[PDB]
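K.L.:
I am attaching a structure below and will ask some questions about it afterwards.
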Amino acid sequence: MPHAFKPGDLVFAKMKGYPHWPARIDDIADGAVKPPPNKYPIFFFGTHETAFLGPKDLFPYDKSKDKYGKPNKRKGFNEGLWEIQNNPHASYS
């Protein structure tokens, strides 16, 4: 049975106006800005951007990849598909 989200988990993350996007739950570094309550820091592969999202917008990658893991015309998306498949836990800073 599933647990709550934790840093390192792999997802597709949904933002209004954007396709379900390859992403991870990030950690928060000592001294760094924390998310709002009930929100997680989401690192988007390919764009390397961060947004704060709740579980309603987070789809676990294993379950969802057959639906959402297909190329897309949007900037960064296909690089993001490579990252989540090939090195999802690397530093992209």
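K.L.:
If you take every residue apart from residue 40 with its C-beta less than 15 Å away from the C-beta of residue 40, what net charge results, scoring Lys and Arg +1 and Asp and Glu -1?
P.N.:
Its environment carries a net charge of +1.
K.L.:
Enumerate the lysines that residue 75 could reach by cross-link, defined here as Cα to Cα under 18 Å, with residues fewer than 8 away along the same chain left out.
P.N.:
14, 16
K.L.:
Moving to a separate point now. Quote the Stokes-Einstein diffusion coefficient, in whole µm² s⁻¹, for the chain, based on the Kirkwood radius over alpha carbon pairs, a temperature of 4 °C and a viscosity of 1.567 mPa s.
P.N.:
Translational D for this selection: 97 µm²/s.
K.L.:
To the nearest 500 deg cm²/dmol, what mean residue ellipticity at 222 nm is calculated for the chain from DSSP H runs of n ≥ 4 alone, each contributing -39,500 (n - 2.57), summed and divided by the residues?
P.N.:
That calculation yields -5500 deg cm²/dmol at 222 nm.
K.L.:
Further, regarding this structure: Residues with beta-carbon under 14 Å from that of residue 79, excluding residue 79: net charge, scoring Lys, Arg +1 and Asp, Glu -1?
P.N.:
Charge balance in the 14 Å sphere: +1.
All Cβ positions, even for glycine, are placed from backbone atoms using ideal geometry, and neighbour counts span all protein chains on display. Laboratory data are not the source of any read-out in this text; all were calculated from the coordinates shown.
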